[PDB]
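Read through the structure below, which is laid out as structure tokens, and then see the notes.
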Protein chains: 2
Amino acid sequence: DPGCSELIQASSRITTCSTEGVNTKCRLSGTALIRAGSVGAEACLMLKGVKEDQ
Amino acid sequence: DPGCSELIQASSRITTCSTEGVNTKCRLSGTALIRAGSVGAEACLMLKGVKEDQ
């Protein structure tokens, strides 16, 4: 029953990617601010690589 | 002075890509329809690879 609630997109400043032999291996380095959920909610933070399905 | 006018992106159904060492080339094999430009304008077609700079 519990699930995501606050959905925000991460910036590209703390998100980098590099493909080596058809293999999207992204790296994450930096700080990010997100709002916490209530009782039963979640503070989800999805990641967007080089494409849409990833 | 005139340049690109009707600029759209190609579909991923007839456009494939592959990475072979820092150089990610893309193939083009298919048929696509686009609106023809006016007198002087161009019918440019944007091609997106695997990232944003490509």
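Going through the structure tokens in order, the chains are called A, B, and so on, while each chain numbers its residues from 1 and the ligands are numbered from 1 in the order shown.
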
task = Kindly determine which residues of chain B lie within 6 Å of chain A, considering only C-alpha atoms, and give the answer as a list in words.
result =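 Putting it all together, I get residues 19, 20 and 51 of chain B.
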
task = Compile the contact shell of residue B:9 as a VMD selection string: residues with an atom at most 7 Å away, counting only C-alpha atoms, same-chain residues fewer than 5 positions apart removed.
result = chain B and resid 45 to 47

request  = Figure out the distance between atom CA of residue A:44 and atom CA of residue A:29, please, to one decimal in Å.
outcome  =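 Computing the Euclidean distance for atom CA of residue A:29 and atom CA of residue A:44 yields 17.8 Å.
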
request  = Using DSSP on the backbone coordinates, identify the residues of chain B assigned to strand (DSSP E); present them as a PyMOL selection string.
outcome  = chain B and resi 8-9+15-19+24-28+45-46

Would you mind exporting the chosen residues as a short mmCIF file (atom, residue, chain, number, x, y, z; two decimals), in the first residue's frame, restricted to C-alpha atoms?
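Dumped everything to part_29.cif:
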```cif
data_model
loop_
_atom_site.label_atom_id
_atom_site.label_comp_id
_atom_site.auth_asym_id
_atom_site.auth_seq_id
_atom_site.Cartn_x
_atom_site.Cartn_y
_atom_site.Cartn_z
CA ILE B 8 11.42 17.23 -36.07
CA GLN B 9 13.20 14.25 -34.52
CA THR B 15 17.26 4.39 -36.23
CA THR B 16 19.71 2.21 -34.29
CA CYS B 17 22.96 3.07 -32.54
CA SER B 18 26.00 1.32 -31.10
CA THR B 19 29.01 2.32 -28.98
CA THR B 24 28.95 6.06 -30.79
CA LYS B 25 27.80 5.90 -34.42
CA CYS B 26 24.21 5.42 -35.55
CA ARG B 27 22.67 3.74 -38.60
CA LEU B 28 19.75 4.98 -40.70
CA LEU B 45 15.62 16.60 -39.72
CA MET B 46 17.13 16.34 -36.25
#
```

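What separates atom CA of residue A:48 from atom CA of residue B:14 is a distance of 23.6 Å.
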
ask   = Restricting the calculation to only C-alpha atoms, which member of A:35, A:30, A:13, A:40 is positioned closest to residue A:1?
value = A:40

query = Separation of atom CA of residue A:12 and atom CA of residue A:32, in Å?
reply =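 We find that atom CA of residue A:12 and atom CA of residue A:32 lie 11.3 Å from each other.
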